[PDB]
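Undergrad:
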Amino acid sequence: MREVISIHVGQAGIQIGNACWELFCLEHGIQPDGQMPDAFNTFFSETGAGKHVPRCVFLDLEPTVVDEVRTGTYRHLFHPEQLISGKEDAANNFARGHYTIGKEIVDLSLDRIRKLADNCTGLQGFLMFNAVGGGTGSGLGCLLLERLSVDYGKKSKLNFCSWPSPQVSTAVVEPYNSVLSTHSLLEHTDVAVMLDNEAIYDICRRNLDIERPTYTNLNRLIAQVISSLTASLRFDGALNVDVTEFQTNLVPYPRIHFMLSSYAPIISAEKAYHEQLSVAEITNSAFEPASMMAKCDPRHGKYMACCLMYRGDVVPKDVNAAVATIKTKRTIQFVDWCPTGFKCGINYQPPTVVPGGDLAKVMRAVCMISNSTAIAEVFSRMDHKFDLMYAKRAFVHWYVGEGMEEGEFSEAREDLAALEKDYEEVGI
Amino acid sequence: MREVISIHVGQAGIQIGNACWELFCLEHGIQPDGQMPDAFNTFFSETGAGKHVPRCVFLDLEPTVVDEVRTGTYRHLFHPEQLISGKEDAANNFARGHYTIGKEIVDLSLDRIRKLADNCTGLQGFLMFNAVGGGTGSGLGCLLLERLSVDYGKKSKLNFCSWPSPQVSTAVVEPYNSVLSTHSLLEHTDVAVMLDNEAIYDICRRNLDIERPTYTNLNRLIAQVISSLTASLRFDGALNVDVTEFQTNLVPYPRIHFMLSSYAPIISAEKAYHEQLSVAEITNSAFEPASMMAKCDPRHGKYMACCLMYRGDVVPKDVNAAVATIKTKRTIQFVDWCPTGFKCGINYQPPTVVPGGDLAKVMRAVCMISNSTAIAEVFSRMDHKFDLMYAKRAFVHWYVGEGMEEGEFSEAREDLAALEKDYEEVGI
Amino acid sequence: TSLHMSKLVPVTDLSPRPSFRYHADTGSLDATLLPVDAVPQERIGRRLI
Amino acid sequence: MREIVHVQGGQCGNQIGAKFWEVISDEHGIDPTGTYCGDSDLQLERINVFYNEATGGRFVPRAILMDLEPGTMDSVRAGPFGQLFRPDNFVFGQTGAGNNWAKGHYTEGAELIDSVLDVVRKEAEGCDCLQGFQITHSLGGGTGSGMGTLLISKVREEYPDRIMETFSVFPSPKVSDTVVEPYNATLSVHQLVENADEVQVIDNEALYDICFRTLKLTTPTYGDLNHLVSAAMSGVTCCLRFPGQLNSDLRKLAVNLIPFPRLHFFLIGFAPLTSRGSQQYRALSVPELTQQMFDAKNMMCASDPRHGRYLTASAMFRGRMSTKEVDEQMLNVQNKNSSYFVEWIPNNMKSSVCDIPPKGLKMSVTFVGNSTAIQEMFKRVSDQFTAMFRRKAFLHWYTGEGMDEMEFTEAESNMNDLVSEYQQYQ
Amino acid sequence: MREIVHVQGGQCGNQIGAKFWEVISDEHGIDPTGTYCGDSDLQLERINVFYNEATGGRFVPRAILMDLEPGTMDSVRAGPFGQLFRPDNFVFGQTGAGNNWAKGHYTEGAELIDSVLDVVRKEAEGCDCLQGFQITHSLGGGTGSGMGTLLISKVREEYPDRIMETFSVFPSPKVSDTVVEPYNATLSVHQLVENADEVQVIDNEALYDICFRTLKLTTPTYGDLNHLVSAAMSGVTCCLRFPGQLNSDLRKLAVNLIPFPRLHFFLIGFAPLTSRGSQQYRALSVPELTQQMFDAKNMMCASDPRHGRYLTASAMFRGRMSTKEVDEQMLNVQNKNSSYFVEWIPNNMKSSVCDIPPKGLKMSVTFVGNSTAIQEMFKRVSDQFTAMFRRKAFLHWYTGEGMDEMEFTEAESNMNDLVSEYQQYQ
Ligand SMILES: Nc1nc2c(ncn2[C@@H]2O[C@H](COP(=O)(O)OP(=O)(O)OP(=O)(O)O)[C@@H](O)[C@H]2O)c(=O)[nH]1
Ligand SMILES: Nc1nc2c(ncn2[C@@H]2O[C@H](COP(=O)(O)OP(=O)(O)OP(=O)(O)O)[C@@H](O)[C@H]2O)c(=O)[nH]1
Ligand SMILES: Nc1nc2c(ncn2[C@@H]2O[C@H](COP(=O)(O)OP(=O)(O)O)[C@@H](O)[C@H]2O)c(=O)[nH]1
Ligand SMILES: Nc1nc2c(ncn2[C@@H]2O[C@H](COP(=O)(O)OP(=O)(O)O)[C@@H](O)[C@H]2O)c(=O)[nH]1
Ligand SMILES: [Mg+2]
Ligand SMILES: [Mg+2]
């Protein structure tokens, strides 16, 4: 029947999918061998007498992580040809990942997603987990959108991008990779959201009250927000909307497809004790400006469209009551040309808890994707960082001698700048 | 439905509120871990599997008292973010708690107060407990009222000042701390009750015949006063007297909102065996000048309104007989524009005692809040002391060098001088 | 549905919630004849011998 | 037939009006679960006066219950004889009027008066042809004095022809809680005189007088006060519910007790009232029952009727009794106490016979007098109120709620001429 | 005989038929296993109206449950009583039109429309002469508002002379889901106004408003809102299958409620709708139920009728009644509330008493009122459309798949002339 295929470009993308697929194994109750002891059909195919295999492909150029997935405990969960690894790193180069050491691995990964797509009809789209500052996540990410858009021209794409964060960057040439990635990201993806790293870091610092987590603690949060987004595709709910409705309800112009995200609650074992997590409570907390997942304050911006996914024992009245109190609140500002800016889908099956992780067993939860005019300052600082770096050829000589001519840098400048003028003209 | 939010600033507020919620848990049958083995809604919030969580913000700039609560038996009762603290104390300065160091804490105090007050509509008001003679009880004690007045305007604001003694000080800058905060609570507090420390010291020495009570024993009598004051909200009675009835029947003008307190009977097991607690004699002991809880002598002051909180098996015809006996008594005196000067209320639940405390079991009690013109002397002993600091610059550099300018000493002094003139012209 | 099959009325037994401790309904000491409703009371006197 | 829509306002009117329903269920043979018991024809042949059938053979009261805080109507509803009312007839307030007339009238009471007017129009228009309204409220509180008399002003204007009787309890002079007593009293009365055509006053300190001196109750609770006024309101409406030799509804009392539309305030007394120690000692005869009735010690309002002058009085007799003894004892008290009766109206007194006595009693009378002696208590709360306004008493919480100062002086100006009007008929 | 062919479009349509078929099957005494029980002639006397014999003694509904996502009728089939329908009448979409009017109506739904057209004329032509088609859907989503009115559009041409009965669930004012509400609502209503003979307007929070305020429901789900409208379908077609003192059918409503063909949008009330605290306290008679009918609090359209004049009104009375009081009880509501009715139609009325009530009840009513109160709903979906449309909102999908800018402009012209006509008749 219906299925959706995930693609994982970059080390960050594969580690996001690593917490994703162990979470889906808990959700559908399958062991890491794939064999159970028909709601799983949108993520898992069939194999033999009871095995299931994910419709995922783990695409890097570095073998130190892809072969480490093969060697680890989740070996036979994945079909071994779905994990495609290269030879050598792009090494924070958009030039290497897109031109030189990409041509021998895009054609191989295209064959694997070809054989993964024709197995059944009823596909909704693709879910590409990738980072932005990395050379592989921007380089192979650009070429994969370029090839998938020209032949699958009517199918949706879900570019979950780990955008660079404001205070910390843990990279040097990553403003170069970010502007070059959006040069081709605008015309090739259908839905994209920004998941900045220190916005998530702040979330797990004052909701979990843990001050030195690791990468796996954030990837559990991204796994939880993908699982809460696609729970409508899997479990039956009173009001169910899925990937087709996202492509037509949250992106009112063809070129604005950048959204935020949040979750509520993100509570530990001790913090589940001392409050009941009412629907109105987990909507106010999700709408808190400090609760966003992109360091993207909506206090000095106007919301454009909003979407919330209620999961668990939610009742259809207080979804309307929490939305009503949000309308009455003056701190949250909407846009003039959208009087009815609220969409939601309610589901019955509550989010599972990983035993030994950091979440707590909650009766209900809220996923969030919200388009707003507040990403203008998110990309305007990528403009400012790129200005003083591209003054007098910082690290440009190894992008220009190794695959592209000088001028693609300038073309990426007005492509991101026209996105700023697009964000300005919508609000006014 | 209805609820009242407790506020506790300063370590005096923390440990007074520790005795208050020890009385509230014991009254409603609530274990310190939360589970009771619907009148509790006034103070506790129902959540989860039948457990209850107090609605009391705990503010103190030094964690030397609040993490003692976090390591004491009442740590799974409160939410961890219900108890909030900074790093460094105010060290007996109004200017510290209002101009320099109170910012990083007050921005999250209002963040918690917004999600504690949105729980149920019909909220009655706030019950702040402060130490006016201290540093953060005056400083952050002031600063929190401009935030509550500008945000939650029309709602009632109760304040319980730990009034400094005329001769007992335990600080030498407490005339600076008290003047700069009484100037601001004059127009930012709806109902204010003075609670002098020596006035509770001599009332345990006399009415309990206990010769070594301490801070915690003082907090037990204060807790008994506030529990009886809110006993109408939490229990049924013949004449219900809720929080709005305190305003409309005691405070006659927006400036004259300072009121005395008294509680009788407060009797140990040595004397409760021998005395019968008739309504006539518990209100003679409530009205006697030695039983005032402010060291504010009312023979030379003129009463104008007295609230009487009868708490127990009290028939109202004994109340109407007893207040008539108070009228015929000539040792007290009432002002010419109040032939009617009583607001009596009857509550049917008797006040419980803690097992191992210094109050014996009691069948009926009276909690009196009285407005009189005797308060001029407890502000004129203020006037003479603060003048002789101000003569030759005592401790001024610990304020002017830390945020404020020299001149607010004069502005706060002349405002309290206008309070003296206001009290003088009303009494004639 | 929480309503009935053909009756348009709720069918969910009862889900109530009282407010207070809720006793002492002021048991009136006057019956319909209003005498005093006498019980044996205190006499207030000296030693009757 | 002829129906009385009963109305309760304030926490007083909820708890003395609830007492009215089981003292009227007891005479009508009503089980507290609503069924009938007692197999008597004349109990139920006038049952539409206060009850409506509910397509199951049960009777629901025509009662509308108001309070701005849900605590006391929870006490009425879940108590005995209190589940009889329909839950929709209860209307809940949330914020509550804090013993102040301003919030009960203008700000908070306006948003609650629209639901009350819907349900009282639901009850009145549903039946064929109404007879009048009964209004049980208080003048010491805020919701019973502000929102209750705002109801009185609105129900005057859709239904101007019918009779609008009130049983109102006024602030007590000697004992006094709720320190804004003269404000809630005066602000009620100044427009209560024009929108109500019949008002009957009960004083709580007179209720303490009747329970201490005649009943000799050792520890009288509020239930004795609620029940004694319940016998008063039952005896007035006796002829509407049970037949009598001399028929008189309370419209007939309204014509026959006020000569001018401005004065409509009445005294209430009830007889007989004896202790258990005097229960089977006193004789129950018409001469004894009327001499006990004309007593300030028997009065339920704290104005001494000997100090003034009875303009017109009436006595609703109850019980099978000889009838010229009704007449000749009224001429006996008129010709003996000639100075306490006004001279320019011959035979100031009215009687009617209600043939069915209250249960357990052979004879009983309620007494609705109209004496000028009540100017004692109107003037004494006017002297209290002018002691308030002369020095700006609690004024900001009576002027900040959308209303101004000039109707306070207006309230006094059209109240001291009520004392003056009674003075020039004294 | 006269037979109704039922079509359910969308997730709202399939759920609203997943409650209406239950309340009509137990009215006919039909088990979920299709076997009759109840030993009554009247239930089987007209069962061919909504059912077809299967040559096994078991009756199959003449419904067609249909939309573009398989999760909706799989949950119907798994749910109770959902087995009664044919998998042949079930038609499946797999890709789904997601909240999209244009690709529901033009590209995707037209692929499915040639096969669901096959199954609708098989239920139509299979009898000698049908009465009409009953189509229940909502105007908010994609498949139920876009292609839902496509089948409304096409059944007009092959079957012009037969009635077009439709229930439509209009968008909610203050809290609405499915962000493109007015683009689906206004672009559907023009095909819904020249291809449907009469349409009934049901609003979502007005169903909630009946739940919280008159039913006192602490926990209403979608099933509780669905019962309220399922009783509305059951009453409006009761007199077709069940006899009465005065007959009524769909054209009986049509010729008496539409004076002018462009306006056929109807308000619906249902009585009695009792809060179960007062269910045992409420009398059940015509002179108490008629003002529950004529009431804003019992309106499953969220328009206050007091902001307009009833153009025409009707009431499908049901139960063991008195067919004199069938009609002077609405004579009363006309000569008191004179301003709430139009002037140039004297005698605005139609009663239609049907003898057999719903089970247990002795009285019931569905109310059909053609009023200018729906002006507020049409204006509100108009300015919510035009505020979006002035800045090109959410439109590049609609234009890119078989529509253009021109079609939306007459969508607002025949939206705006509905308001302009209702002011002509105001
Ligand atoms: N949220 C999250 N972010 C990650 C994770 N791993 C790496 N990142 C982000 O990725 C950035 C580092 O670049 P990578 O994404 O690892 O680079 P890449 O996509 O692997 O491309 P190459 O390094 O050339 O192979 C850092 O700034 C991190 O913020 C992860 O596990 N979770
Ligand atoms: N009523 C009462 N007062 C107390 C108690 N403990 C301390 N105090 C008062 O607190 C006053 C001194 O205030 P501080 O020691 O400065 O405490 P503070 O108000 O929180 O100010 P900082 O310590 O600077 O934060 C003394 O005069 C005491 O009277 C108590 O348990 N009960
Ligand atoms: N007759 C009577 N008077 C009462 C009763 N309870 C209280 N009162 C009087 O009513 C006044 C209190 O007002 P209250 O009704 O409680 O305030 P409210 O609820 O805002 O209207 C006091 O002066 C009491 O003397 C009662 O049961 N019967
Ligand atoms: N009456 C009713 N309304 C519903 C139900 N489910 C959703 N709705 C309303 O209809 C809208 C969604 O319509 P939908 O069923 O998705 O339309 P569709 O996408 O065309 O099938 C929401 O805004 C809800 O307010 C239901 O079960 N019953
Ligand atoms: Mg890498
Ligand atoms: Mg301190």
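Protein chains in written order, with the working numbering: chain F, 4 to 431; chain X, 4 to 431; chain Z, 77 to 125; chain U, 10 to 435; chain B, 10 to 435. Think of the CB as a built atom: it goes at the ideal place given N, C-alpha and C, for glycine as much as any other residue.
Closer than 9 Å, CB to CB, is residue 293 of chain B near chain U or not?
TA: Yes - at least one Cβ of chain U is within 9 Å of the one on residue 293 of chain B.
Undergrad: When the Cβ atoms of the stretch 54-74 of chain B are set against those of the stretch 92-100 of chain B, are three or more pairs found closer than 8 Å?
TA: Output reads yes: the stretch 92-100 of chain B touches the stretch 54-74 of chain B.
Undergrad: Looking at the secondary structure, which residues open and close the beta strand (DSSP E) in which residue 319 of chain X lies?
TA: Residue 319 of chain X -> not in any beta strand (DSSP E); alpha helix (DSSP H) instead, spanning 319-331.
Undergrad: According to DSSP, is residue 353 of chain B helix, strand or coil?
TA: DSSP places residue 353 of chain B in coil when its eight states are reduced to three.
Undergrad: Shorter than 9 Å from the beta carbon of residue 336 of chain F to some beta carbon of chain X?
TA: No - not a single Cβ of chain X is within 9 Å of the one on residue 336 of chain F.
Undergrad: Helix, strand or coil for residue 241 of chain X per DSSP?
TA: Three-state result, residue 241 of chain X: coil.
Undergrad: Nearest-angstrom Cα distance between residue 386 of chain X and residue 303 of chain X?
TA: The alpha-carbon atoms of residue 386 of chain X and residue 303 of chain X are separated by roughly 19 Å.
Undergrad: Could you name the residues of chain F that residue 56 of chain X contacts, counting a contact when the two beta carbons are closer than 8 Å?
TA: Simply 277, 278.
Undergrad: DSSP three-state label for residue 235 of chain U, please.
TA: Residue 235 of chain U: helix per DSSP, three-state reduction.
Undergrad: Using Cβ-Cβ distances below 7 Å, what residues of the stretch 345-372 of chain B are close to chain U?
TA: Correct list: empty, as no residue qualifies.
Undergrad: Hey, is the stretch 406-417 of chain F in contact with the stretch 331-344 of chain F, meaning 3+ C-beta pairs nearer than 8 Å?
TA: Judged by Cβ distances under 8 Å, the stretch 406-417 of chain F makes no contact with the stretch 331-344 of chain F, as fewer than three pairs qualify.
Undergrad: Please state the DSSP three-state secondary structure of residue 21 of chain U.
TA: In this structure, residue 21 of chain U counts as helix in the three-state DSSP scheme.
Undergrad: Can you name the start and end residues of the alpha helix (DSSP H) that residue 375 of chain U belongs to?
TA: First-last for residue 375 of chain U: 373-380, but that is the beta strand (DSSP E), not the alpha helix (DSSP H).
Undergrad: Can the beta-carbon of residue 82 of chain B be found less than 9 Å from the beta-carbon of residue 114 of chain B?
TA: No, the pair does not count as a contact, with Cβ atoms beyond the cut-off.
Undergrad: So, for residue 344 of chain F: in the same chain, excluding its five sequence neighbours on each side, which residues have a beta-carbon less than 8 Å away from its beta-carbon?
TA: Once the five neighbours on either side are set aside, the close Cβ partners of residue 344 of chain F are 306, 307, 308, 309, 337, 338.
Undergrad: What is the C-beta distance between residue 378 of chain X and residue 299 of chain X, in whole angstroms, given that I count them as a contact (C-beta under 8 Å)?
TA: Right, the Cβ-Cβ distance comes to about 6 Å (below 8 Å), so this counts as a contact.
Undergrad: Does the structure place the stretch 291-307 of chain B close enough to the stretch 183-203 of chain B that three or more beta carbon pairs sit under 8 Å?
TA: The stretch 183-203 of chain B, when compared against the stretch 291-307 of chain B, does not touch it at the 8 Å Cβ threshold.
Undergrad: Hey, does residue 186 of chain U have any beta-carbon neighbour from chain X nearer than 9 Å?
TA: Yes, residue 186 of chain U counts as interfacial toward chain X.
Undergrad: Could you give the DSSP three-state label for residue 58 of chain F: helix, strand or coil?
TA: In the structure shown, residue 58 of chain F sits in coil (DSSP, three-state: anything other than H, G, I, E or B).
Undergrad: So does residue 51 of chain F have its beta carbon nearer than 8 Å to some heavy atom of ligand 1?
TA: It does not: the Cβ of residue 51 of chain F is nowhere closer than 8 Å to a heavy atom of ligand 1.
Undergrad: Quick one: complete alpha helix (DSSP H) runs, 4+ long, within the stretch 251-313 of chain B?
TA: You should have 259-266, 295-302.
Undergrad: Of all the residues that make up the stretch 270-282 of chain B, which are near chain Z by a beta-carbon distance shorter than 8 Å?
TA: Listed by position along the chain: 279, 281, 282.
Undergrad: If you measure from the CB of residue 65 of chain X, is any heavy atom of ligand 6 nearer than 8 Å?
TA: Yes, the Cβ of residue 65 of chain X comes within 8 Å of a heavy atom of ligand 6.
Undergrad: When the distance is taken between beta carbons, is residue 59 of chain F closer than 9 Å to residue 85 of chain F?
TA: Taking 9 Å as the Cβ cut-off, residue 85 of chain F and residue 59 of chain F qualify as a contacting pair.
Undergrad: Thinking C-alpha only, which one of F:45, F:72, F:40 is nearest residue 22 of chain F?
TA: Here the closest residue by C-alpha is F:72.
Undergrad: Using alpha carbons as the reference points, say which of U:177, U:232, U:135 lies closest to residue 149 of chain U.
TA: The option with the nearest alpha carbon to residue 149 of chain U is U:177.
Undergrad: Run through the DSSP bridge pairs and tell me what residue 162 of chain X is partnered with.
TA: Partner(s): X:131, X:195.
Undergrad: In the structure shown, what three-state DSSP assignment does residue 321 of chain B receive?
TA: Looking at residue 321 of chain B - three-state DSSP - the assignment turns out to be strand.
Undergrad: Give the secondary structure of residue 349 of chain X by DSSP, where H, G and I count as helix, E and B as strand, and everything else as coil.
TA: Reduced to three states, the DSSP call for residue 349 of chain X is strand.
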